[PDB]
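A single chain, nothing else alongside it, follows as structure tokens in the form deposited in one PDB entry.
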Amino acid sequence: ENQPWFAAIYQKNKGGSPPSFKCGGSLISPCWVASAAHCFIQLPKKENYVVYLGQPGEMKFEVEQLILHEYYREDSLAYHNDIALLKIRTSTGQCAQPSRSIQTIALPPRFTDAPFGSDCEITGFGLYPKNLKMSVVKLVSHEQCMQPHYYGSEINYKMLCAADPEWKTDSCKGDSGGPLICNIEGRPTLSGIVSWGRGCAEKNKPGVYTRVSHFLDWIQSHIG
């Protein structure tokens, strides 16, 4: 749901109507929100979007800068390098200010003993904020995909593989997207980037997430 790190990105609608909900993101820095690049590739300009933080919510930000990954590409199977950075700012010129309703979520450690983490949950639907479920999932390596029947019994959880062009993925390519959270070292962590749409909440066919840990450098190359 709405834990202090959740950011609701909206797309400024034309005319007098109200902006519509677009895709979700995570507050990784007081001045930075991470989200899916495929939510912006069709309108790549900063001024068409407004992010909301807090409990609309407790804080309104306009995006001073919109950074899509330079190697973003959509083949007919999945979104590769599907990651985007939003530098947020208020009308008063301030960035997001920490509280008990607005906190930053931890980024993946560069290295840890159990890289996949524990109790991983994806965000997604089952059109508007709060039809959003957080479904517990099972991250897997590319070897347990395409053939999980050769590794274990079937459970009612969805399996997800890290996005990779060399290994055929076949995952839903929704028009929306959001964060994948795992518990690394006992702390909630922005582990992945998933897409929201039809076929994105289904359990029997494995899906695909953009693995945040593979972009650390890139991220920090824009945050530091």
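What we label the rigid core is the largest C-alpha set whose atoms superpose within 1.5 Å from one form to the other. Quick note: we count residues from 1 along the sequence shown, nothing fancier.
Keep in mind that the form deposited in another entry is missing from the display, and what follows is about it.
- Once both forms are overlaid on the rigid core, the distance between the two CA positions of residue 112 between this form and the one not shown is 2 angstroms or more.
- In the core-superposed comparison between this form and the one not shown, residue 197 has its Cα shifted by at least 2 Å.
- Core-superposed comparison between this form and the one not shown: CA of residue 69 displaced by less than 2 Å.
- In the other entry, the Cα positions of residue 9 and residue 174 lie at least 3 Å nearer to each other than in the form displayed.
- Relative to the shown form, the Cα atoms of residue 71 and residue 172 move apart by 3 Å or more in the other entry.
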